[PDB]
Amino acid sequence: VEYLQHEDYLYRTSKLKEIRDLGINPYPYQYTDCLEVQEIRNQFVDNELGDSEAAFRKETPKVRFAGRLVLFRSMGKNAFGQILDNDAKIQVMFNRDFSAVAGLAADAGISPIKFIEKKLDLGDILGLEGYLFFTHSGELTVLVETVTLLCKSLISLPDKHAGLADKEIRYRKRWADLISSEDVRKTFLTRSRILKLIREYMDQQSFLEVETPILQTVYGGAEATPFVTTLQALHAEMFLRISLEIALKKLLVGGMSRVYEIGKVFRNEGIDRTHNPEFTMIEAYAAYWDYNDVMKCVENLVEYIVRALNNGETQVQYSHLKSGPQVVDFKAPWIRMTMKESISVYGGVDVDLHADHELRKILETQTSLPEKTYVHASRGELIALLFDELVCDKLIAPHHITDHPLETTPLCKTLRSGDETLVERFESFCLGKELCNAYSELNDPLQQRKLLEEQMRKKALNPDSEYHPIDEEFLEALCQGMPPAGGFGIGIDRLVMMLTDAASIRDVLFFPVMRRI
């Protein structure tokens, strides 16, 4: 903790005894009956309003507000400052004869203007009561009648313009980002706005929002390494959920026809520009829908969010791809292709012309996959691998990629046409990244067992594979009966990244996962 020895800390802390000896509490209890700076600007900026002399004569509107002192200049009889309040700034003016310090007696040893000069500091949080006016240059300003010290800050303001090291530190010390950077402030406001837009759209579709456990005795609904923890009351290993799917499907068996949940899931994997081990996703299930109904719902949801954030526009610019800035159009309907078509269109491989061995030669010679990944892969697995290596990077515009091999998931019905090698699944891609996963949901309880047992026997032969056993409570609930349903999941942090031009998932998380010092 190197700041405890910095000059500025020792200098500021020594002002505490000085301020308290003047009978002033440097950490008081409240600052009631005030207005937000932005609300003052909203009410009075576009207004006929007086000059400094009208404020000196107490003729202009009186206001109370509070915030952080981020600029100060003494001009003798007068001093000027800037107050930052919740992403808004306003100028303040102190005058030797007009301005008082709350708590500073008239017979104290120091004048108000010198108290302001010498006992306050940049970074201190002040309560300001005074009179509005406009400078002739047009700057909205407050002539301060009383300044109240609300918090004596003990370290200096952050460097406003962060170098690379400061930017890394501020992923932990996020308060320094929020004080310093209008852009970080907008990014997180937009994130909150996006969450409200999602809830509003879902609720207008009569989806009910629910909560289901993060700590479970099993984990499933996705392919991921889990987090493990011990519950002391039962002396039991628990897993943190990796998805929402199984719990929500039980609520369908329970009779709820439309449910969704927005919550954290945990995948104990690597960390990079698109991967934080703790992330936020929505899963939503609608009885009597299929993946086609889900496809219209997902693209309409996103278009609606984009239109609400961009004054009706559906085009959005994203600046940080290795290939340069791109403009992506979220206007529905999005591009729709089967996995097989996308491999043909973007990979240059018409898959159904090549035997399994030819598909391995393509993977072996045209990709950098290790031999163990394809040498014994089934035809469907080979097709999915071709998609991963030859297609996924190329899907910059929004795409729905449909009709995946059966091997990709055990929880999805096969194509209603009768092709049992493909499922009624789509994944949505934008900016080279997966955004959405969606199924015509499997509710045949015998078929569901068959697929999960198949998945367990296949996994049990891979050394690096996670042994989780069959969820029998899930199978029993399907025996009770799940309606036909369509479901989807959306990685919300990734979506926020697309709609805020964030280079990394760390820019949309207040406190992302960081290495220890």
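From 1 onward, residues are counted along the sequence shown.
The deposited model assigns a higher average Cα B-factor to 327-335 than to the other stretch when 327-335 and 175-183 are compared. Between the stretches 225-233 and 358-366, it is 358-366 that shows the larger average CA temperature factor.
Set against one another, the Cα B-factors of 200, 299, 278, 107 in the record reach their highest point at 107. When the C-alpha B factors of 482, 49, 70, 451 are read from the deposited coordinates, the top value falls at 49. In the PDB entry, a CA B factor belonging to the highest third of its chain's modelled residues is recorded for residue 44.
Residue 13 sits in the middle third of its chain by CA B factor, as recorded in the PDB entry. Among all modelled residues in this chain, the alpha-carbon of residue 342 has a temperature factor (C-alpha) in the middle third.
In the deposited entry, the Cα temperature factor of residue 31 places it in the middle third of its chain's modelled residues. Per the deposited record, the Cα B-factor of residue 63 falls in the middle third when ranked against the other modelled residues of its chain.
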